[PDB]
Amino acid sequence: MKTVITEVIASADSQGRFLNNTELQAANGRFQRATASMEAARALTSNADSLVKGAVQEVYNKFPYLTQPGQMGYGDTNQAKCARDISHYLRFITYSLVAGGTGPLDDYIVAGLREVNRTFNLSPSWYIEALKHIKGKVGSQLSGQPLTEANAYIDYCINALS
Amino acid sequence: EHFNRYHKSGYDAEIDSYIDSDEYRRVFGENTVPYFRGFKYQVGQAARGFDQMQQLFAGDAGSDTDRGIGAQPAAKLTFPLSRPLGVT
Amino acid sequence: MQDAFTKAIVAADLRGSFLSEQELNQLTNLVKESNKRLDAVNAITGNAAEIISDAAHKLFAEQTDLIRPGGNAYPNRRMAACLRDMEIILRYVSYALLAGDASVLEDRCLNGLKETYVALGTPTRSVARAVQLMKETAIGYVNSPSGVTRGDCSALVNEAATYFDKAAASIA
Amino acid sequence: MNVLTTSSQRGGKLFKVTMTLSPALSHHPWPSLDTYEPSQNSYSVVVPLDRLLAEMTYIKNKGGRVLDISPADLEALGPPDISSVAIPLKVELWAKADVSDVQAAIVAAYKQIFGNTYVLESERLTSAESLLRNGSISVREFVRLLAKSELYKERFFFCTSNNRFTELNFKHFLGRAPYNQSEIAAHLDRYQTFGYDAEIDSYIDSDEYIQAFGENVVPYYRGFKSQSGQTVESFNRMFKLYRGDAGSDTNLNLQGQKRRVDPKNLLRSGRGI
Amino acid sequence: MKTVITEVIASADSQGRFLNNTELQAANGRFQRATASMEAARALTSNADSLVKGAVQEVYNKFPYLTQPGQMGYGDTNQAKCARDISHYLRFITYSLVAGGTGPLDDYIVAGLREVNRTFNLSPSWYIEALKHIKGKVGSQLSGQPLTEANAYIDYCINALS
Amino acid sequence: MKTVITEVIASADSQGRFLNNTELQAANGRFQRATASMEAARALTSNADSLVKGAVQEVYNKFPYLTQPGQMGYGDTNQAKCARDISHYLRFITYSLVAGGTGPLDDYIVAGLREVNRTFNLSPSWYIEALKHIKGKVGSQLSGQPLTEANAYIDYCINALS
Amino acid sequence: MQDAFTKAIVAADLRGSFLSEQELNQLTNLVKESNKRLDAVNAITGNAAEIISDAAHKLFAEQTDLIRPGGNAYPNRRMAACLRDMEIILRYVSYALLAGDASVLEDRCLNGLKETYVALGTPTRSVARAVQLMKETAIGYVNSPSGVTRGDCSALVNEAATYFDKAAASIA
Amino acid sequence: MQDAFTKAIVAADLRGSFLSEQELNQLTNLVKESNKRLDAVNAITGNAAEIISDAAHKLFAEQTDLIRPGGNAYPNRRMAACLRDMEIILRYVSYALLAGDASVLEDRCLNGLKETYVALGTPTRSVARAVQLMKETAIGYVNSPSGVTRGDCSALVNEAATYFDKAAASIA
Amino acid sequence: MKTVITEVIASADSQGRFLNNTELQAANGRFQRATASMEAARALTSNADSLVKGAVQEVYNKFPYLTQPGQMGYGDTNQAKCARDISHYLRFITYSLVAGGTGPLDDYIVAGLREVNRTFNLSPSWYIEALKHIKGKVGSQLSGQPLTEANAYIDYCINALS
């Protein structure tokens, strides 16, 4: 899993060399940031649910036809799934904030994203809206660096999805 | 083929693709250090083998170094590789 | 590798003999079915994507936990693998079907598969299940195509089955 | 072989793969027909999970075939600790044993006779236990009853091969592992004419049984310590037959009943038949 | 073993793709041809013996000195072998006709041909005559495509031998 | 470009060997089939247009919302493109029939399909319908082997798209 | 790679158009000749060894010096190469002949061959000569077989020639 | 590789001297801007996908022919490449922006690029165009972000430009 | 040259991905530290000379025999060199502080250190003392983080030398 700390270790390990000042400087960077990151995670974790409801909802407004019978958005099972999925995205994001790297995101969400989505005919677009809607809400509960961090990670996914 | 591989999957998968290539395995499967198979006829070779290998391989004193000026030199096999056949 | 023809040869070789007339007549008739045989294969390959897609849906409806955190098909990365694998198995099966011989399937594909699954902690049972799910869907197509001359494919259909089953068994 | 790292520098569970090598897969850089090094007839590689699929396909597409795959973490684990079997412990059932002492024997017997394998309340044998503790049955005789019992047959003898059942038997009835291909051959022939009961009888009846823990001693593990007329390799075979504490003989596990001792290894200790 | 069917599988397999129309077309080719091939095999199989006698014989006419004492052609053992060998060639050829590929020939006859022949001082020339003589006889019992097929395989060996 | 003929050459070439009977058998297959293939192409080529209209249309019926303003199906430019695109698919299919291999399809259509589609947010689904609708129409103008061939190729794309 | 069919396609593609009816009729007739085409190839492959053997003999009878000490075909090692090369060229030619297109031949075989020969000091002229010697012998077989239905192969024969000649020219 | 700091060092080294106080003050100042610098980079990376998407649309609206049969962005395969390339260039540019030095961009990306394009037949002009289109879009984001403390980024903005332009020039 | 900034770029570049939050965190670390680093460099640069004299001197006290005739420490040329050399060490150290990585040290000093020293029979020991003596002096002019940084780099060399 890719976090700042793991990477410098890895790099040191490959070369076969002790951790020297170079790497520690980097580490120092992380952990300094953490304070903001951690704050952001506390905020998302708390409002989770509400964010999720709002998102799922949004998607339907954005793509009305999904809720029509014979579509994907239709019938509770699917709605349940839709909820579940977004929860996941969120969950991971928090993780990544705390871990201080994209690592968690990469391994759970991103790797294999395309093919899964292809085989089950999940349209990236949807997810994206979810995220965007989220981003917008988060853009109230947070501020300054905490906010900035939250965004970064949220986006990271947008880009991976698109 | 290799440039695409690198863009999808990065330097590690790029490298792995040469060592794990069938061609590498058939000539020097395991237990044999790779040697210059160029400069002598290899099945499948395609002409251009011999000519291009002479550009990539200077003398035995030459090396593939960057130390002269930081950058490696430019490809030097791009113009070859894309030459028309001379009017027979 | 091997296939129906080559196989018969090899047998004959160890006896040290020319092929028996009886034995030729196996091959002679085998040829006659070719056209049927081909269409069968064509049907699978044509529907491949779907076959899988379908089977998967059913697999996950049954074994909900595979897709739950802590399950074997979670997260995405894993899911992807699971799909990929299914497909491969299918691919091979088809190959066999054309060859008219299990071998190719056994040697390239099935050999070592169980053990892999074991080492990973992949639940062999579920894998097998998937293979069957596939089987049924596939037959579905083989047996109900469009624009084909009407006739009896049973013989081929059964052989198809067997291949699927060898797979199921050796994995399981 | 030993694997030195469980995981790659990039996170990735390494997996040891064992194949039969083929001339195509590796060949000497020599004139004449390509030959793989004889010493590497069975080659082993440790590959990260990512390259495992590619590695295995390539092997199989050549004439290679995969002998087995195993996670590197299980591999590169200590050989089992012999602490408990170096000195077995031993149980004697005195005459005029009080209630507890009889219980201890019973437990110990089920342990050794069945392997770690668990015996459920319904599986357990009241009748046989009954007899012990009002006299009438020797510990030796109880042991015979257990090996006669269906419980025993269902686990050891009805699932695996007779080849496997023999050594399975050896270990339970005698601490020793089997020495030599002859022992395996003798038992097999006994089984074909005399049947299952006679074979079971022949281990308890054997003098090796009598000489150690002859009567009224629950069998213990003689192997793992030096025994008379025991081939040196038998000691190594005991490490294969006995894997750790909390490792059992289980029909239950995937492909449960297989051979711990390869036939070839037996041939090394002695041949003749 | 190289036959049409095995090859297309192989090629398909390498690229990692399903058998598509491309390959089936090829397969179809093999099956259509078979009828002719099979016919040829029935013809050779039947006249085997007679072909063999004729060939062996020929060789001796062509190379009289072989039959002199102290030579290879001399003394029955050798003659027996000589017969055996040619039988083999024939046998395999039939096989190849039926298998619809050179495969059988390659693996039994051709691979290692040279070295065997070198170490035992078998002169390729001889074999060749045998074959040629055969080819000539076959050129009566067969006709049209059946014939053509027979030749192809017979030749294939000539070229490998030479 | 992958056709029957090119492949056998390739395989022969790699091994470093002459084209022997094995390969020619395969080639023969391609040529025999051609007659049917060629027929199919003449049929598609002629009805092209009509097939295209019908398809494009279909797509809109299937996905009404596309034609609403602010969507992709909306405004003539897009419709024009939509037409163009399907034309292409068709064009290539014909090519492939004639070339006797998937080659033409692979190199023009398939390779890079995903990424293009991702970057411009073209939904595979659409194309698919187009194709299906086509397949259905073709299932009238053609019959027997000609038909069979047409299908194969059409499908090949469906699978690539999905 | 490329061949007759593929080529026509590609052309059509750049125009952006379906194939012309006229253009189909090229391919339609090309098919008809197949059988002839095939036999031609078969003839070369069948006689390969010989073709070369022959050509060589003639090459060395003419240019005695090649085989004299200090010449380019001396000693054995060199001779061997020279034979090997001949074969290769031939092999390619055949390939082309089947494809119905020079391309394959031009790209893998011919392109850069001259330069190689130059760098080595092998005399290009002699190489070319060899190629022709081959040509004539080869045609010999193509044109005079046994058990083939008698008919006109000229068209193919000439195309064969051309291939050989492209070779000769670009080497020379 | 190289960046602003390392560079200054190297210069100093050849003179054989400790770093001039003046020179330190370049670096001292450079540090102070860091935060701005970072956000700039962050902005690009965050919008990456879009930047490209956008630029492309505009590129193809202008040069319709690129996407017509016979053009360089046709067919799909090619299109894909064209997109890929754009992205890469961008990626590097960003890198440079962080480093505070063109080098990385020059050495990995720009060096030989023109010639490649030439050999392929890719029209260098159009490539350059794309790069600019990208430039403008990118600046767009760098310069108009959300939730960031307001101040002046011009200095950075211009340096960004330059990088884009070096690219444009050397390709062109 | 290995600095924090170059490394993260490198790592990003290898994977083939844009700089994401992970790397920036690291970079940030380097920049915040710089203030201390820079301070340290100003301090060393100023006292350079004095440090050098002191060191050279020390070495002689530590190894009196060097100054005897027929030894290496003897005769001004050698002393001059000795001075020069230590100057260098110092120079580089400053560089490394400013560059925020060992890079400068590695490439100038360390790479090839051994062989040079072997071929000219320079005893690492000497250099070491020099450094140590320095470290001790620096341990007065500096304090807190500035100090810490100075040490790190000084040591880094000690370890490389030994």
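A few points about this structure:
Residue numbering begins at 1 within each chain, and the chains themselves are lettered A, B, C, D, E, F, G, H and I in the order written.
In this section, a residue touches a chain if its C-beta (ideal position, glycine included) is under 8 Å from a C-beta of that chain, and two chains touch if they have at least 3 such contacts.
Its C-alpha atoms fitted onto chain G, chain C is found rotated by 180°, rounded in steps of 5. Seen from the C-alpha centroid of chain C, the farthest chain centroid is that of I.
For chain pairs C-F and B-F, the one joined by more C-beta pairs in contact is C-F. On residue numbers, the C-F interface is repeated by E-G, which shares over half of its contact pairs, out of the options H-I, E-G or C-E.
One finds 29 Å separating the Cα centroids of chain B and chain G. Here the CA centre of chain F is 39 Å from the CA centre of chain H. Touching of two or more other chains is recorded for residues 7, 12 of chain B.
Residue positions of chain E with contacts to 2 or more other chains are 3, 13, 20-21, 27-28, 100, 103, 152, 156. Multi-chain contact residues of chain C, defined as those touching 2 or more other chains: 42, 48, 53, 108. Residues 1, 3, 5-6, 9-10, 12-13, 17-21, 24, 27-28, 31, 34-35, 38, 41-42, 45, 48, 91, 94-95, 98-100, 103-104, 108 of chain I are the ones touching chain H in the complex. Across the complex, chain E meets chain G through its residues 139, 143-144, 147-148, 151-152, 155-156, 158-159, 162.
For chain G in complex with chain B, the touching residues are 81, 84, 88, 106-116, 119, 165-166, 169-170.
Of all the residues in chain B, the ones that touch chain H in their complex are 4, 7, 70-72, 74-75, 78-79, 81-82. By the touch criterion given at the top, residues 42, 46, 48-50, 53, 146-148 of chain H touch chain A in their complex.
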